[PDB]
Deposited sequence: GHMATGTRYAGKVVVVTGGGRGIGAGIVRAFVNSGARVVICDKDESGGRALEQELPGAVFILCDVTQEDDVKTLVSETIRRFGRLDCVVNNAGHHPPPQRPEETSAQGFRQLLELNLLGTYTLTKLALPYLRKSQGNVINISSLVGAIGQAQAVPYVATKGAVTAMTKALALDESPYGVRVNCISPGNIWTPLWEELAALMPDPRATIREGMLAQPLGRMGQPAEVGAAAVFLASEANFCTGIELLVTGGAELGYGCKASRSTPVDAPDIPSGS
């Protein structure tokens, strides 16, 4: 209740899923939290539920929405300590020949450039507070995924950008880290499974992709985020895996001819 007391945190895509788990974790740590989301439904309810959280409608692909998000955070709370860039999307499975440069550009706008834009607008305030940035990437940026060329590319970009910005902001004492989740049970995971030929089989495969034999929870990503913000003062430019071991060992990915 006191690990991050007195601090102000912005969480993008905080209305449901991982983002909402991160919001809850920071509120439980004593922080005040600004929930940013393009959708009113979940975020507005979260603001009613949690003292110390408020909701600001903001589409991170719209630069003026994001400018207003930062200026309202400062006007209302007087400081900014941490930005969590969680807003993002995974398209349906798409073979490479089924993708388009147009769709790729649109996914870059959300998953990469929205993270860039909020970070840029927040850094003057983060420098004053010696605050930090936490980007939500994905394990598949590191190891790849089938039927997801644009999505994987955007997450490889986020992870790399995290390291570049960590170098640039280190002289100011501003840390920049990312979390790479694996399979986390969220509304997005459920939506994707529901469009599959056999949703139940997809969910079962998703559980068995981890040595731990289950999917992760938003609360687990949230705890990792609170650690990076509040207790990781010698960590910058790291990729914190929250994956249940999915990257470990040999598995089913498809005698020497």
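Missing from the model, relative to the deposited sequence, are the ranges 1-5, 260-267, 271-274.
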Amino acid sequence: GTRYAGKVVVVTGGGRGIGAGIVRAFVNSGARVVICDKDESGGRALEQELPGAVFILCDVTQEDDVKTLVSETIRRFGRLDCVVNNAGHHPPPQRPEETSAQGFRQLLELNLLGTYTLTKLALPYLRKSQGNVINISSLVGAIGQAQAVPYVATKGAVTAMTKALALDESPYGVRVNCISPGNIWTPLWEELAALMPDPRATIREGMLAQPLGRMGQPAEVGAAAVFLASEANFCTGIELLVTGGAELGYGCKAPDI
From here on, numbers count along this sequence of modelled residues.
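Comparing 134-142 with 91-99, the higher mean C-alpha B-factor in the PDB entry belongs to 91-99.
The stretch 192-200 shows the higher mean C-alpha B-factor when 192-200 is compared against 57-65 in the entry. Per the deposited record, the Cα B-factor of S71 falls in the highest third when ranked against the other modelled residues of its chain. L46: CA B factor in the middle third of modelled residues in this chain (values from the PDB entry).
Placement of the Cα temperature factor of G222 within the chain: middle third of the modelled residues, per the deposited record. Remark: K163 belongs to the lowest third of its chain, ranked by C-alpha B-factor as recorded.
Among the modelled residues of its chain, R105 has a C-alpha B-factor that falls in the middle third, as given in the PDB entry.
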